[PDB]
Protein chains: 2
Amino acid sequence: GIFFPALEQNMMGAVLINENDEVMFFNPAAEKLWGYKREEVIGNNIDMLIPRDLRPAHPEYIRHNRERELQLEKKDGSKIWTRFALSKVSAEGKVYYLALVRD
Amino acid sequence: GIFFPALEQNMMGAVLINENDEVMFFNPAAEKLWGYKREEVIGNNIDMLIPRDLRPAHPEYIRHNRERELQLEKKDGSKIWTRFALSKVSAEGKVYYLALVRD
Ligand code: HEM
Ligand code: HEM
């Protein structure tokens, strides 16, 4: 029972997307980085977390992989630089991705 | 649920210690970083993972907190530089720590 608390209480932002690119987990550190409360994010397509100017390209990148210093755009349109760590998580016969993000 | 695979399959080394500083989780990325298999680590004390020259000082730092670019020393004695991210995790009244580590 300690795996969920270890991610929930992580000092890094944690974002898990499912096989249809919907956000399934979004922790309080991620709420602070993006300016969204998790209730606004869960169950929605990852697109809402992607900077507006990368929404054309980003789906092709995920699709290609299914087959880093990054600039994050907040809810209010302001931007911050982050470090992203991505892991591909194979479970339940599905491919999930976990992003671990820090300022 | 999904929170175990998200840490088990993480590209970052992940080390979880319990309230007694015993290692309770040590993923394959951490095995590669330190050169220990998890059977050599689980149930053992945190100090087996601390470089010998930091074993005098490290216990007082954990104690103080209970009450980063770091040089890791592998099983074979070689050393590598890492980045550590620590989180304090409270669950069921007990304090755990999770280290996420990368080369
Ligand atoms: C601030 C939000 C994000 C930004 C700015 C962003 C940016 C990018 C960029 C620019 C790439 C193309 C490759 C590269 O790094 O050069 C990429 C690839 C990728 N992104 Fe994101 N991303 C964001 C969020 C996420 C999230 C939340 C996830 C999944 C939880 C994710 C999953 C992926 C994957 C799987 C790829 C392809 C992996 C690969 O590089 O093979 N991204 N992203
Ligand atoms: C290569 C192994 C490690 C080295 C070289 C290392 C080194 C250090 C050093 C130099 C400090 C004192 C200064 C500082 O806070 O930066 C520190 C504090 C600490 N370390 Fe480690 N450590 C290692 C592994 C771990 C692991 C695996 C854990 C727990 C999973 C851990 C838990 C802590 C805690 C809880 C503190 C006190 C943090 C604070 O006061 O904010 N360390 N460590």
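Order of listing sets the numbers, starting from 1, for every ligand and every atom in it. Values reported hereafter were calculated over all heavy atoms of this structure, with side chains retained and with hydrogens, waters and symmetry mates removed. Chain A is the first sequence line, chain B the second, and so forth, proteins listed ahead of strands; every chain is numbered from 1.
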**Prompt:** Which heavy-atom pair separates B/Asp103 from B/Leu33 by the least distance, and what is that distance?
**Reply:** N-CD2, 4.1 Å
**Prompt:** Are any non-hydrogen side-chain atoms of A/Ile62 and A/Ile17 less than 4.5 angstrom apart?
**Reply:** yes
**Message:** Taking the side chain as everything from C-beta on, heavy atoms only, tell me whether B/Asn44 gets closer than 4.5 Å to B/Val23.
**Reply:** no
**Request:** May I ask you to list the atoms of ligand 2 that are less than 4.0 angstrom from any heavy atom of B/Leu72?
**Result:** 1 (C)
**A/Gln71 heavy atom under 4.0 Å from ligand 1** = yes
**Complete:** Logged contact type for A/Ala57 with ligand 1, heavy-atom cut-off 4.0 Å, is neither
**Request:** Check A/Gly13 against A/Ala29 and note the closest heavy-atom contact, atom names and distance.
**Result:** N-CB, 3.5 Å
**Prompt:** For ligand 1, which atoms, with element, lie under 4.0 Å from some heavy atom of A/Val15?
**Reply:** 30 (C)
**Asked** Would you say B/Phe26 and B/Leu16 make side-chain contact, with heavy atoms under 4.5 Å?
**Response** no
**No-hydrogen, no-angle side-chain donor-acceptor test under 3.5 Å, B/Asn65 and B/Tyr97** = yes
**Asked** Of the backbone atoms (N, CA, C, O) and the side-chain heavy atoms from C-beta on, which set of A/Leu49 has a member under 4.0 Å from an atom of ligand 1: side chain, backbone, both, or neither?
**Response** backbone
**Prompt:** Going by the order shown, which atoms of ligand 2 are within less than 4.0 Å of some heavy atom of B/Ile50?
**Reply:** 3 (C), 22 (N), 23 (C), 24 (C), 25 (C)
**Fill in**
In ligand 2, the atoms that come under 4.0 Å of a heavy atom of B/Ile17 are 29 (C)
**Prompt:** So do B/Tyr36 and B/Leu49 actually touch side chain to side chain, heavy atoms under 4.5 Å?
**Reply:** yes
**Request:** Examine A/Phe4 together with B/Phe3 and report whether their ring centres are nearer than 6.0 Å.
**Result:** yes
**Asked** For atom 27 (C) of ligand 1, which of A/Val23, A/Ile46, A/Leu86 has the closest heavy atom?
**Response** A/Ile46
**Asked** What do we get for B/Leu54 next to ligand 2 when only non-hydrogen atoms under 4.0 Å count, side chain, backbone, both or neither?
**Response** side chain
**Complete:** Counting from 1 in the order shown, the ligand 1 atoms closer than 4.0 Å to a non-hydrogen atom of A/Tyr97 are 29 (C), 30 (C), 35 (C)
**Asked** How does A/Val101 reach ligand 1, by side chain, by backbone, by both or by neither, if only non-hydrogen atoms under 4.0 Å count?
**Response** neither
**Complete:** A student checking ligand 1 against A/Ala99 at a 4.0 Å heavy-atom cut-off should list atoms 30 (C)
**Message:** Using every non-hydrogen atom in the two residues, find where A/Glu31 and A/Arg38 come nearest and quote the distance to one decimal.
**Reply:** OE2-N, 2.7 Å
**Message:** For B/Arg55, is there an ion pair with B/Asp47 - N to carboxylate O distance below 4.0 angstrom?
**Reply:** no
**Message:** B/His58 versus ligand 2: do any nitrogen or oxygen atoms come within less than 3.5 Å of each other?
**Reply:** yes
**Complete:** Min over B/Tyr96, B/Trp81, B/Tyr61, B/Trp34 of heavy-atom distance to atom 37 (C) of ligand 2 lands on B/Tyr61
**Item:** Within reach of ligand 1, part of A/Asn65 (heavy-atom separation under 4.0 Å)
**Value:** side chain
